[PDB]
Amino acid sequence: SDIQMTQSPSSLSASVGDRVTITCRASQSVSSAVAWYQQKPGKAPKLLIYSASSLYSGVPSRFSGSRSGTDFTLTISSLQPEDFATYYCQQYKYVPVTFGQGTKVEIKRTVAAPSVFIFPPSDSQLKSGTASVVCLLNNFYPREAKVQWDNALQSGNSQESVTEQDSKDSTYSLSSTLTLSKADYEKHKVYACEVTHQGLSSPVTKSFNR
């Protein structure tokens, strides 16, 4: 019977200066005991709004909260660079206090082109008994993408890893490391990766032969 604080949307993209509204619904009435928190990745959460509409001492006046029954909204009027982060609501009327899932607030950018590179596995590594080929995607926007690795198919071995949005130029970067046992690496040396992005519908596959 815990209070579920369903934040919406899960993620939204917008650009500097705009008005933005995140919303949070509450399984039941929590009066006005709702807080709002900003957290930039790798850093401790920071407090923005308590009592559902009260600005926390020190917060820029560009943040506002409000309540309509069980639905609670934070909005920023003039978006700014300092304001790009994730955002959680919290109800504190009842134990346990419960946060929302978060809403990711990224920069809207002019689409940028992924600089794709491929890195065959070091000779210092297949000596150790496994292989790892790394496909890199660099300084690009928007962050959605698909990397397709005897040049037919494979799955269950790759593991992608993305970064956050670069501070200055708002670009993302991405890595995909297909892992393989040294045994398999030497049979069918016919692998490559195919990148599928907005900045180019014409895929640009870098390849290696071994």
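One-based numbering along the sequence shown.
- Counting the unmodelled positions of the deposited sequence between residue 185 and residue 186 gives zero.
- The mean Cα B-factor in the deposited entry runs higher for 105 to 113 than for the other of 105 to 113 and 84 to 92.
- Remark: stretch with higher mean C-alpha B factor among 22 to 30 and 164 to 172 is 164 to 172.
- Listed residues 52, 152, 44, 48 were ranked by CA B-factor as deposited; 152 comes out on top.
- Looking at the C-alpha B-factors along this chain, the one for residue 79 belongs to the middle third.
- Per the deposited record, the Cα B-factor of residue 126 falls in the highest third when ranked against the other modelled residues of its chain.
- Among all modelled residues in this chain, the alpha-carbon of residue 1 has a temperature factor (C-alpha) in the middle third.
- In the PDB entry, residue 179 places in the middle third of its chain by CA B-factor.
- In the PDB entry, a CA B factor belonging to the middle third of its chain's modelled residues is recorded for residue 159.
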